[PDB]
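# generate a structure from the sequence data that follows.
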Amino acid sequence: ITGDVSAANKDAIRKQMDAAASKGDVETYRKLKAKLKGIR
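Numbers count the residues shown, from 1 in each chain. Below, you will see the structure:
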């Protein structure tokens, strides 16, 4: 089912963020984080 509302989406984004976050490429992490902080 394509019902991956923020519940699922958030999770996915989280992984990508965590990786690029504490991995050196914090650039993408920061950006993503911001958006996630506004995800209505």
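# only C-alpha atoms from now on, for both contacts and neighbour counts.
OK.
# determine the longest helix present in the protein.
helix 6-21 (DSSP state H).
# name the residues of the following helix or strand past it that are buried.
Where DSSP states H and E defines the elements, the next helix or strand beyond helix 6-21 is helix 26-38. By neighbour count on 16 or more other CA atoms under 10 Å, the buried set for helix 26-38 is 29, 32, 33, 36.
# so residue 29 is in contact with residue 17, correct?
Yes: taking contacts as CA atoms under 8 Å, residue 29 lies within contact range of residue 17: 4.7 Å.
# what's near enough to touch residue 6?
residue 39 (CA atoms under 8 Å, 6 or more residues apart in numbering).
# any idea how far it lies from residue 24?
Remark: distance between residue 6 and residue 24 (CA to CA, to the nearest Å) = 26 Å.
# for residue 18, same thing?
Distance, residue 18 to residue 24, using CA to CA: 11 Å.
# counting neighbours, go ahead and name the busier of those two.
The neighbour comparison of residue 18 against residue 24 (other CA atoms under 10 Å) goes to residue 18, with 13 against 10.
# from residue 3, how far off is that one?
23 Å.
# out of everything not next to it in sequence, what's closest to the residue most central in space within the chain?
In the chain, the centroid-proximal residue (CA atoms, centre = their mean) is residue 13; its distance is 2.7 Å. Excluding its sequence neighbours, the residue lying closest to residue 13 (CA to CA, 6 or more residues apart in numbering) is residue 32, at 7.6 Å.
# ok, the one you found touching residue 15?
No: Residue 32 lies out of contact with residue 15 (CA under 8 Å); the separation is 11.0 Å.
# joint contacts of these two?
Counting by CA under 8 Å, 6+ apart, nothing touches both residue 32 and residue 15.
# can you give the distance from the longest helix of the chain to the centre of its chain?
Distance of helix 6-21 from its chain centroid, counting by CA atoms, centre = their mean, to the nearest Å, is 3 Å.
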